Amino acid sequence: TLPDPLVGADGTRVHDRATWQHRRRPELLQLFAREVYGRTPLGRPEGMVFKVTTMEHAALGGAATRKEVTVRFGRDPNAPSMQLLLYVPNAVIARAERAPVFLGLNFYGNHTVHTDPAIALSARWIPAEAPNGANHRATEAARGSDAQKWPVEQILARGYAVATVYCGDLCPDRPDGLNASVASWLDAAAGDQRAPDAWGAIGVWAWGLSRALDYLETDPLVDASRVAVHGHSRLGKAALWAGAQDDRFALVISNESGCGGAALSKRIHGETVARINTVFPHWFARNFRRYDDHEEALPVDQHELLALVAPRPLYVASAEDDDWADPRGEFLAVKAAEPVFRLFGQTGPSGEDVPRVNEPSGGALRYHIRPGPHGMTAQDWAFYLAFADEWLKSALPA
């Protein structure tokens, strides 16, 4: 039985957009921060520094300008940082127009998104599942190892820049990764044990996406008011929480984010709260473990996270064989968020059950399910590019 996003904490119904934006959104943001992801202790830190470390105007055979940028989270050179890779379509640059941007984290390092041998090899720890790693470090054989999830040439040809950062720059994806992470520094606690409401990996990854947007606001080649934040799987959980917390993001894409992402936790289907917290104890707040085998006690569900994106366009997608993510739960979260989108004059999927494969449904709130297993495929991206053409903030209001 789902909590109603349009009923406030005190039981009063939300009938208008101002009550939604100024009362209900803060209530939900605080519930997710306290009970699920942990508190984001601050947004933009003081003294952010942006260093363009490499710049190539004829990358990908002339199709793109490629920039690598160190985004340092404080002015002291000792402060933590992350490494942003940006490809910008040269057709757009050449016209003296700013490009819109797709921004998302990657799993195994910037060098894995494209074979491009000029990308810096990540020097950070990488997980054992990363293809062609050696002792948790990047190798030359890992270049372009994750390119199937990143159709860079097509995204550029459709007029969009591609920006990415390795999630492990922000928090390495290992159960002890928080002690190396941005959280070991921002949270800024003297003691050792993280607090019950302290953020975990998903919060730190989401924060990094907002810091990447801070960089994009300074880059004269891109339109930082037209940034689509996207993610696959655990990085799509991060993309949703980033897009919910930071309304500067113009469009949000959740590709198979599943449990603690788009899927309703109260369905108890596929991955559950207990399973995700037991296997990935660093991903959420310790407070989320209260709901292990007790999803009925959750004061929110993920449809309210989706609702926190409204009125901005939101795309949630699933894979047909990906039972662990609970595709029906991802779809039903979209349906239960739709009333908030409708309050803003937007339309969601028609249909009461999961659509047929490869048949997207919805307006600015959209869903598709594609054949096959968990992944992010060219078919997913084809649909996302069409959505961004239609619903991403325009270059005009002139």
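A residue's number is simply how far along the shown sequence it sits, counting from 1.
- Compared with the other entries of this protein, residue 323 is consistently built, present in every one of those that build its neighbours rather than absent from a third.
- Figure legend: residue 76 is marked as modelled in all of the other comparable entries of the protein, none of which omit it, let alone a third.
- When the C-alpha B-factors of 343 to 351 and 36 to 44 are averaged, 343 to 351 comes out higher.
- Annotation for 133 to 141 versus 307 to 315: the higher mean temperature factor (C-alpha) is found in 133 to 141.
- For the set 322, 187, 173, 197, the PDB entry puts the maximum C-alpha B factor at 187.
- In the PDB entry, the Cα temperature factor peaks, among 86, 263, 156, 183, at 183.
- The PDB entry assigns residue 294 a C-alpha temperature factor belonging to the highest third of its chain's modelled residues.
- Per the PDB record, residue ranking by Cα B-factor puts residue 390 in the highest third of the chain.
- Among the modelled residues of the chain, residue 286 sits in the middle third by CA temperature factor in this PDB entry.
- The entry lists a Cα temperature factor for residue 357 that places it in the highest third of the chain's modelled residues.
- When the CA B factors of the chain's modelled residues are split into thirds, the value for residue 166 lands in the lowest one.
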